[PDB]
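# Tertiary structure, described
So the chains spell out like this:
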Amino acid sequence: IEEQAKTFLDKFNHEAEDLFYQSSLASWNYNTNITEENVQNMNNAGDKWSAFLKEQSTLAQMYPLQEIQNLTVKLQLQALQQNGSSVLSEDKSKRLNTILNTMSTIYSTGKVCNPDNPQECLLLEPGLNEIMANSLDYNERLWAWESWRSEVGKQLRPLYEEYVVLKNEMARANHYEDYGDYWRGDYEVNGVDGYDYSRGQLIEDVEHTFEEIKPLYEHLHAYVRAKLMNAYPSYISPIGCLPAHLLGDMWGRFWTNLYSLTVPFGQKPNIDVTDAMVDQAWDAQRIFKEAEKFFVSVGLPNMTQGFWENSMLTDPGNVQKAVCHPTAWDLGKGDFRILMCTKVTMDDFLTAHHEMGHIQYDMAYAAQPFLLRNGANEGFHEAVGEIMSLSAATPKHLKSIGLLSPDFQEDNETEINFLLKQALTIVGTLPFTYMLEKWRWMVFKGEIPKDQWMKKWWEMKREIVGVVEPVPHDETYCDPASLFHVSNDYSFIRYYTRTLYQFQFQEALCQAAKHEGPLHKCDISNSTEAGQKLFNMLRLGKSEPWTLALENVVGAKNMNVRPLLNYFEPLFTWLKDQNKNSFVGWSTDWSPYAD
Amino acid sequence: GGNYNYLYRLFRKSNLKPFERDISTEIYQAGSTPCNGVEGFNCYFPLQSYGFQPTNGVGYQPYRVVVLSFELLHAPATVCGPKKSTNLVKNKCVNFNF
Ligand SMILES: *[C@@H]1O[C@H](CO)[C@@H](O[C@@H]2O[C@H](CO)[C@@H](O)[C@H](O)[C@H]2NC(C)=O)[C@H](O)[C@H]1NC(C)=O
Ligand SMILES: *[C@@H]1O[C@H](CO)[C@@H](O[C@@H]2O[C@H](CO)[C@@H](O)[C@H](O)[C@H]2NC(C)=O)[C@H](O)[C@H]1NC(C)=O
Ligand SMILES: *[C@@H]1O[C@H](CO)[C@@H](O[C@@H]2O[C@H](CO)[C@@H](O)[C@H](O)[C@H]2NC(C)=O)[C@H](O)[C@H]1NC(C)=O
Ligand SMILES: *[C@@H]1O[C@H](CO)[C@@H](O[C@@H]2O[C@H](CO)[C@@H](O)[C@H](O)[C@H]2NC(C)=O)[C@H](O)[C@H]1NC(C)=O
Ligand SMILES: *[C@@H]1O[C@H](CO)[C@@H](O[C@@H]2O[C@H](CO)[C@@H](O)[C@H](O)[C@H]2NC(C)=O)[C@H](O)[C@H]1NC(C)=O
Ligand SMILES: *[C@@H]1O[C@H](CO)[C@@H](O)[C@H](O)[C@H]1NC(C)=O
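Residues numbered from 1 in each chain as written, not as in the entry; some residues may be left out. Chains lettered and ligands numbered in written order. Part of a larger assembly, values for the part shown. Heavy atoms only, no water.

Per the PDB record, this model was obtained through cryo-EM at a reported resolution of 2.9 Å.

The name given to chain A in the PDB entry is Angiotensin-converting enzyme 2, with Homo sapiens as the source organism. Word for word, the UniProt comment on chain A under Sequence similarities is "Belongs to the peptidase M2 family." (UniProt positions renumbered as here; feature names shortened; annotations may be inferred.)

### A closer look at the site of ligand 4
Residue and element names in this part refer to chain A. As a matter of local geometry, ligand 4 sits amid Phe265, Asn412 and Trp574. For ligand 4, an oxygen atom lies 2.4 Å from a polar atom in the side chain of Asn412. In isolation ligand 4 offers 580 Å² of accessible surface; the protein chains occlude 20% of this area. (Near = heavy atom within 4 Å. Polar contact = N/O pair within 3.5 Å; in protein donor to acceptor, adjacent residues only side chain to side chain. Areas by Shrake-Rupley, 256 points an atom, 1.4 Å probe, with all protein chains shown as cover.)

### What about the layout of surface pockets?
Of the voids in this model, the second largest pocket is the one considered here, and its volume is about 490 Å³. Around the second largest pocket, the lining is made up of 21 residues, and of these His14(A), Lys333(A), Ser49(B), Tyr50(B) and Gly51(B) lie nearest the centre. Of all the secondary structure elements, the ones that give two or more residues to the lining of the second largest pocket are α1 (2-32) of chain A together with β1 (3-9) and β4 (47-52) of chain B. At 7 residues, the largest contribution of residues to the lining of the second largest pocket is made by α1(A). Considered class by class, the residues forming the lining of the second largest pocket number 7 nonpolar, 9 polar and 5 charged. (1 Å grid on protein atoms, 1.4 Å probe; cavity = no way out; pocket = protein on both sides within 12 Å on 5 of 7 lines; lining within 4 Å. Points joined across faces, edges and corners; volume = space filled by probe spheres on them. Helix = DSSP H or I, 4+ residues; strand = E, 2+ residues; numbered from the N terminus. Nonpolar A, V, L, I, M, F, W, Y, C, P; charged D, E, K, R; others polar.)

### A few points about the packing of helix α7 (residues 157-172) of chain A against helix α19 (residues 430-445) of chain A
All names here are of chain A. Contact pair α7 / α19: the axes reach a minimum separation of 10 Å and the direction vectors enclose 65°. One element, α7, and the other, α19, form an angle in the roughly perpendicular class. Between α7 and α19 the crossing geometry is right-handed. Of α19, the residues touching α7 (which contributes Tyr160, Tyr163, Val164 and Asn168) are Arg440, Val443 and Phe444. (Axes fitted to C-alpha atoms, helices over the stretch in contact; angles between N-to-C directions. Parallel < 35°, antiparallel > 145°, perpendicular 65-115°, else oblique. Left-handed = near helix turned anticlockwise from the far one by under 90°. Contact = heavy atoms within 4.5 Å.)

### A short note on the state of the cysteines
Overall, the coordinates contain 4 disulfides over all chains when judged by the stated rule. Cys324(A) shares a disulfide with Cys341(A); S-S distance 2.2 Å. One disulfide, between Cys324(A) and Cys341(A), carries an S-S torsion of -45° and so falls in the left-handed class. With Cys324(A) in the loop between α14 (307-310) and β4 (327-332) and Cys341(A) in the loop between β5 (335-339) and α15 (346-362), this residue pair connects regions lying 17 residues apart in the sequence. On the accessibility criterion, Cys324(A) (46% relative accessible area) is partly exposed. Covalently, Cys35(B) is tied to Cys43(B) through a disulfide, its sulfur atoms 2.0 Å apart. Between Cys35(B) and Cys43(B), the S-S dihedral sits near -95°, and the bridge is therefore left-handed. Across this residue pair, the class does not change: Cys35(B) and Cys43(B) are buried. The connectivity of the disulfide-linked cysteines in chain A, indexed sequentially, is 1-2, 3-4, 5-6. (Disulfide = S-S within 2.5 Å. Buried < 20%, exposed > 50% of the residue type's maximum accessible area, 1.4 Å probe, protein only.)

Printed below as a string of structure tokens:
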């Protein structure tokens, strides 16, 4: 009966909040002060949380799921009843964890040695990522691109084939058709009177939104190709694809390292307020106190006053071994801490606004039950953090926060320099993200057999992304598995939808703050009505369907690409005038070796 | 490490009458199945403990409460405020209260 499930969850909601607390408090003491008497302090305290949750999970199947009427207590029950693994045979369950540990340690400890000196050998993160991000030598970028895929990616090919079979068995025992349908279960919504969403409906909404970005991406692809021919003459065709090893990093995920070759007006400095911070003696604490004044300006609460003692805003005065990585912690019981090692720079002035945005999202849904204290889907949590960073990087906000000469002149040449640096990171990553999840979805359902994995991968690079390989690759390579998110078992569609939600939030908040100009000049400071539009979504958590959360801000029930294109229309107008003598589009027949 | 000595009751058959008190420790029975004094599904111990810890956000830290309740049965009198006394003047027509 349904009233027994309510009494089940309230014993759960008070044993979990304490056991999650000290399992996360011990993870704080390891992260900010590393010993090994802290790693053993967090492994036993971490396993008491994991052993407790599988005990309550096997108690949750005593209650049926379709004999429930209240939507909230049904949502908590389905998130706890989830079997996930453990549906496999107990010798297949240990084979899967052996593969996931072997693929993870090949990626982090794989070395590449030089053919002129076999005694010098580079790892990926120090040394191989620096060549792909800084070099202008064609022959050295071609060496680092091919040798990472032929010496490390060939080890992951027999391991990734066994990984697909075991993950499809686990997904079909949980009544999905494949493992790709298991990943799309985040966006599913069942029976809330007009707000429903199918797991197959996500596939059409991604492909419908993508064919409206292809006019903008084609003009960006044509402008970068014309600028790369001056940097690498006799290597690039003026009507063809771009070679895969000249894109700024190892995989071509972000084009953000191509800015020094593709800058529109290099005689205008892109605005940088780092010298005005060290001329006014701003400490470590000023960067957060101006960040807290931004959020109280819009109508959001202060920091919790436990935030100022418990947090560790710099690396300590001790030479203290403590993972230095910006992050926002939500230990529980209303205890919010930020861990970062901040330097006096406009870079960490902006990520301070980003990391505080995770905190203000966390402080808002802290009145829901324990199992609904996440973002409404996997994409909302990063998207609310980045609309705080866009509004703080504007020169309108910088001159009113005291950091820009009240006699500063923004010219139309510097807005093109700023918008093109945004499009190399935002627009340049959208066909990479769409192509990769489309390839992984077709591998799991079996539309691509294993004798055509690397054949269909490079046909989709030339057609969707416009990127050609420099050396042909047969079915002994596995080039997707040489990325971190593929070999470490992570979903990748959250980076596509976060980019679309980010400009839907920003365009909906600037109509409430009564903006008049272009969308990229907007700032939501001093408003109250925009914050009330934002706070009505922030407090929902997972208690409502995410389509119901979007109408509280945007006014629509689906993700939309038209606010993303309105942000880049000053660039799209300027790009169509720079490509009057160029060719827009590419040919899938040209190759850098096929002459 | 958590002060686990401060408990509260989280299951009862029926809400309390005003100023009523209940220190029993019988195993609660949520479902219809009888419990027979042992724990299990739908048979819960009725007391939980605040695990208080010094690094808790406000609203999670312990507050001490005192409830004063003045009652007036039908006696002849009892405790009350304090009566202050001022100075006394002499040889002047005055308005006095002794
Ligand atoms: C890292 O934290 C641990 C524990 O928080 C520190 O180790 C000991 O902590 C106790 C407190 O319970 C002290 O009485 C001991 O003196 C600490 N050990 C030592 C060797 O000092 C540890 O000190 C912290 N790390 C550093 C570098 O201070
Ligand atoms: C079941 O649904 C009802 C409404 O559909 C929820 O009722 C609300 O409960 C809160 C506190 O529990 C009250 O403050 C509200 O006034 C109630 N609303 C109404 C319309 O009466 C109820 O909370 C849900 N059950 C659970 C366990 O959350
Ligand atoms: C979870 O996996 C189990 C198999 O281990 C599935 O079958 C359940 O088996 C248990 C006994 O171990 C029964 O109590 C359940 O009734 C069975 N399933 C149900 C509730 O029909 C079970 O179907 C899986 N649960 C999910 C999430 O589908
Ligand atoms: C920035 O604004 C100036 C001012 O309008 C633009 O200069 C004009 O450019 C057009 C097209 O080349 C000419 O027909 C006008 O005669 C120019 N104006 C003047 C006063 O000379 C300039 O092109 C703009 N730059 C960008 C990048 O948009
Ligand atoms: C936006 O908010 C800021 C912060 O309160 C306002 O800045 C104040 O501006 C006045 C006059 O411009 C100064 O006298 C104050 O010293 C400023 N306050 C601070 C804390 O620096 C700003 O005026 C607001 N914008 C509008 C349009 O009202
Ligand atoms: C936030 O804190 C400041 C001082 O730190 C205070 O003046 C302000 O009133 C606080 N905000 C609210 C809503 O009380």
